[PDB]
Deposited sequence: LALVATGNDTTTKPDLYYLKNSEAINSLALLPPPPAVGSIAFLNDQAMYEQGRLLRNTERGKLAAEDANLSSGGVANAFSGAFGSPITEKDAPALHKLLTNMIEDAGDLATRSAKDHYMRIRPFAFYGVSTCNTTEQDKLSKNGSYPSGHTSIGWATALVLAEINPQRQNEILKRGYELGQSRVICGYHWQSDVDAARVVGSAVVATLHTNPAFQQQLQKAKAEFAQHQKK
């Protein structure tokens, strides 16, 4: 039920402006399906990656809160994405967190109530610090945030768009490797995460904050 009217620091949009995820998305793969067989195999594979350097990154990524995703792009972006160094940018990206994380995922989350892999398996994640929810797996709100942030970051810095998009992609993949999400939750999440950035471009406040981040970035360039 929250939105910009209750939490204007974390949403630009209203409840009425949300992507209807329940309407747009396909249902998650069901148990008994081949597509779920594949979700399982992707789980086991990520599981085997846990011991690697990519595994290490995934555990780190899995430690990210919604709030740390913005700064999680710094390396892809080419420069620190921080309150200190890029305040107009940090503010932009923070203020859209729950537009992407909540508004864009909610109706499908709440309807399907899907069990996460670690919970399905009665194990823990690769990670494993908050009191982990077992549920509302589909789609991934974290992946929706990471994808939506990559799309707006790619627009601010098209010179590094590919690195940015790949980071965005990988944030979601980290959740699959660490056992937080099925591959399909993360895939579904990139669809709604894209849709919400269309809506954000209709929003005056977003528009203005984006201009500011662009201007900031520009001066940044010398």
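Chemist: Which runs of the deposited chain sequence never show up in the coordinates?
Modeler: Missing from the model are residues 1 to 6, 135 to 136, 231.
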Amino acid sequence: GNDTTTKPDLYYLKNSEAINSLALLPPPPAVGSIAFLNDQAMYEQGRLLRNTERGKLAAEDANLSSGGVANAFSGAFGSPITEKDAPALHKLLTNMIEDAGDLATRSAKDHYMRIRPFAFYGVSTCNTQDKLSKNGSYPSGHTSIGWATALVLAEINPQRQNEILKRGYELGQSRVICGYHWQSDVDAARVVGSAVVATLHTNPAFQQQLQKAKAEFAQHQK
From here on, numbers count along this sequence of modelled residues.
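Chemist: Using the B-factors recorded in the PDB entry, average over the C-alpha atoms of 21 to 29 and of 204 to 212, then report which stretch comes out higher.
Modeler: Taking the mean B-factor of the alpha carbons in each, 204 to 212 is higher.
Chemist: When the Cα temperature factors in the entry are averaged, is it 134 to 142 or 93 to 101 that ends up higher?
Modeler: 134 to 142 has the higher mean C-alpha B-factor.
Chemist: Going by the deposited entry, which of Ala188, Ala62, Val196, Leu49 has the highest CA temperature factor?
Modeler: Top of the list by C-alpha B-factor: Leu49.
Chemist: Using only modelled residues of the chain, where does the Cα B factor of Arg175 rank: lowest third, middle third or highest third?
Modeler: Its C-alpha B-factor, which the entry lists for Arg175, ranks in the lowest third among residues of this chain.
Chemist: Could you look up the Cα B-factor of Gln159 in the entry and say which third of the chain it sits in: lowest, middle or highest?
Modeler: For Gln159, whose C-alpha B-factor we compare with every modelled residue in the chain, the answer is the highest third.
Chemist: In terms of the chain's CA B-factor thirds, is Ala108 lowest, middle or highest?
Modeler: Lowest third, going by the recorded CA B-factors of the chain.
Chemist: Lowest, middle or highest third of the chain for the C-alpha temperature factor of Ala150?
Modeler: Lowest third, going by the recorded CA B-factors of the chain.
Chemist: Name the third of the chain's ranked CA B-factors that contains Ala119, choosing lowest, middle or highest.
Modeler: As the PDB entry reports it, the C-alpha B-factor of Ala119 lands in the middle third of its chain.
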